[PDB]
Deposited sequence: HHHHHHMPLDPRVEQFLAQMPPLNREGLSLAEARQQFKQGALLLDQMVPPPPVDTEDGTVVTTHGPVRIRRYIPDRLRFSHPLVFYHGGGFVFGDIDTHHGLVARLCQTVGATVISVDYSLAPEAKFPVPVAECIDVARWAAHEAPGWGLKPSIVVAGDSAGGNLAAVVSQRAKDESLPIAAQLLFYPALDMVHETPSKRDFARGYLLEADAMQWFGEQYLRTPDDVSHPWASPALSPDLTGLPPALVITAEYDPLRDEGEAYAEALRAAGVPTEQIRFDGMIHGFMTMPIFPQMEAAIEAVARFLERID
């Protein structure tokens, strides 16, 4: 399927650690200014985790129409991003679904290494489940994330059982799921579609303790042999994304394990598109999220 016209243009006009973090954040700013987010009530807070205090931001919708909190983990290769860089997405998730959303500022690599952010994300999910009844919501949460954050939501969902954590659904937006295998998509779209091989490698070096960590189930959830009884899954991929094939294979695996699964590929799109509000497909995907969550209760 051909590249989306606007994606094509965006890619055509595409030109230290702390610098690179600031540059990523600048990029998200320029997108937000091009396409402003909806206004939304938010409270900033801090959750006490087993690895320290983790800043969160709670989004409260104008109208509450979904009975479970969402816990959102931002993407950025485990190295970049924060609650601000992903505000544009979370505000829309909050207002379109009409859900409370907890956006999580988990600790970034290389300062924090795998598996520290997994622990933090589980702890925040556990906190949200506990608090939920106090907000007049159900205790079971929905976990959500893009890219690296989709990795985290996938892992938190696999741990859920064992950690006595009620999760009602998982929303995976072009997640990283398999750091061991090369897929066709990872081979064929390795360069020129915003997320590249070089970057993914460098990201892995920042995040992982050793090359052995790639086969760890908390790094590569796609390797887990028993997927039965995992939470209902929405898996959104981009057609021209190195990560596409691992995402779509994992959705196929969930489906065959009897998990209620929706798998949606956005044709002509690239990685990152759900934090790029210059593309209308970002809003279409957010509408997919709201329709999927309607079916949960």
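Peer 1: Counting from residue 1 of the deposited sequence, where are the gaps with no C-alpha coordinates?
Peer 2: Those parts of the chain that were deposited but carry no coordinates are 1 to 6, 22 to 28.
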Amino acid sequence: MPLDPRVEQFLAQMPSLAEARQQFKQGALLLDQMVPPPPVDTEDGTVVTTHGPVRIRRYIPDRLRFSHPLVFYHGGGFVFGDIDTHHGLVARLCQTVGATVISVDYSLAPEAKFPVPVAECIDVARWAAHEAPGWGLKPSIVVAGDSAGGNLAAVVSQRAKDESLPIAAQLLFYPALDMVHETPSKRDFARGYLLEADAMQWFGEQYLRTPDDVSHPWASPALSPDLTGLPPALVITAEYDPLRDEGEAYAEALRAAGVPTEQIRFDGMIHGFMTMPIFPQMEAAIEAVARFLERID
From here on, numbers count along this sequence of modelled residues.
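Rigid core (definition): largest C-alpha set, two forms, superposition within 1.5 Å.
Peer 1: Given a rigid core fit, name the stretch, 128 to 136 or 168 to 176, whose C-alphas are on average farther from the form shown here in 8 other deposited structures of this protein.
Peer 2: Farther from the shown form on average in 8 other deposited structures of this protein: 128 to 136.
Peer 1: Look over 174 to 182 and 142 to 150 in the entry and identify the one with the greater average Cα temperature factor.
Peer 2: Per the deposited B-factors, the answer is 174 to 182.
Peer 1: Out of 259 to 267 and 40 to 48, which stretch has the higher average CA B-factor listed in the record?
Peer 2: Taking the mean B-factor of the alpha carbons in each, 40 to 48 is higher.
Peer 1: Could you check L230, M34, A253, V235 and tell me which one carries the biggest Cα B-factor in the deposited entry?
Peer 2: Among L230, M34, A253, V235, the PDB entry lists the largest C-alpha B-factor for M34.
Peer 1: Among the choices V54, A28, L70, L243, identify the one whose CA B-factor in the record is greatest.
Peer 2: When the deposited C-alpha B-factors of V54, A28, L70, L243 are compared, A28 is largest.
Peer 1: Among all modelled residues of this chain, ranked by Cα B factor, put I278 in the bottom, middle or top third, i.e. lowest, middle or highest.
Peer 2: CA B-factor rank for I278: middle third.
Peer 1: Ranking the modelled residues of this chain by C-alpha B-factor as given in the entry, is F78 in the lowest, middle or highest third?
Peer 2: Its C-alpha B-factor, which the entry lists for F78, ranks in the middle third among residues of this chain.
Peer 1: Sorting the chain's CA B-factors, does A249 end up in the lowest, middle or highest third?
Peer 2: CA B-factor rank for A249: lowest third.
Peer 1: Determine, from the deposited record, the chain-internal third of the Cα B-factor for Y106: lowest, middle or highest.
Peer 2: Lowest third of the chain for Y106's C-alpha B-factor.
Peer 1: Among the modelled residues of its chain, does the C-alpha B-factor of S157 lie in the lowest, middle or highest third?
Peer 2: CA B-factor rank for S157: lowest third.
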